[PDB]
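I have a structure here, written as structure tokens, and I will follow up with some questions on it.
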Amino acid sequence: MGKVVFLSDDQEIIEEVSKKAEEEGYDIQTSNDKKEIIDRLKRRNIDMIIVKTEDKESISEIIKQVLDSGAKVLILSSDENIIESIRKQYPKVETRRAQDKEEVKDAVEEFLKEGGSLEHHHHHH
């Protein structure tokens, strides 16, 4: 039970991530409401999570709940300054710049192929 939960405030984002999950047959629970997700991380009942939004308020609080749970977290935002802030504050977070819903579902897929390992440069020489 690798509980994958996607979160996005926008419907058209959710549709494309669910569509990628349809094509590939990936297990995802998609949610629109951030307050629910904070409580699911309070129960630590999310194994790996993906949050797409520019709303820094949700991004920050969800990650702080994921630190408690020890889960995998993928932050997706249109703004690169948000992404980069989350990288320098949190080294263990998976982060990728996703402006269009194409980039979002791509990042979700890449995250799921490698079982929660998206963000990694040439770490092995």
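Neighbour counts are summed over all protein chains in view; Cβ atoms, including those assigned to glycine, are modelled from backbone coordinates with ideal geometry. Here, each number is a calculation from the coordinates, and none is a lab measurement.
Of all residues in the stretch 39-77, how many are surrounded by fewer than 19 Cβ atoms within 10 Å (Cβ to Cβ), more than 13 Å from the chain's Cα centre (by Cα) and of a type outside the set (D, E)?
9
From the list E110, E114, exactly one residue is over 12 Å from the mean Cα position of the chain (by Cα) and either of a type outside the set (A, V, I, L, M, F, W, C) or within 20 Å of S18 (Cα to Cα) (or both). Which is it?
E114
Do we find that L41 is in contact (Cβ under 8 Å) with a residue 40 or more places away in the chain, aliphatic (A, V, I, L, M) and in contact with a helix residue (DSSP H, G or I) (Cβ under 6 Å, 6 or more places away or on another chain) in this structure?
no
Scanning for something among the hydrophobic types (A, V, I, L, M, F, W, C), in a helix (DSSP H, G or I) and over 25 Å from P91 (Cα atoms), does the stretch 20-32 turn up at least one residue?
yes
Here are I46, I13, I50, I28: which of them is in contact with a strand residue (DSSP E or B) (Cβ under 9 Å, 6 or more places away or on another chain), free of Cβ contacts under 8 Å to residues at least 60 places away in the same chain, of a type outside the set (K, R) and on the phi < 0 side of the Ramachandran plot?
Going through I46, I13, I50, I28 in turn, just one is in contact with a strand residue (DSSP E or B) (Cβ under 9 Å, 6 or more places away or on another chain), free of Cβ contacts under 8 Å to residues at least 60 places away in the same chain, of a type outside the set (K, R) and on the phi < 0 side of the Ramachandran plot: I46.
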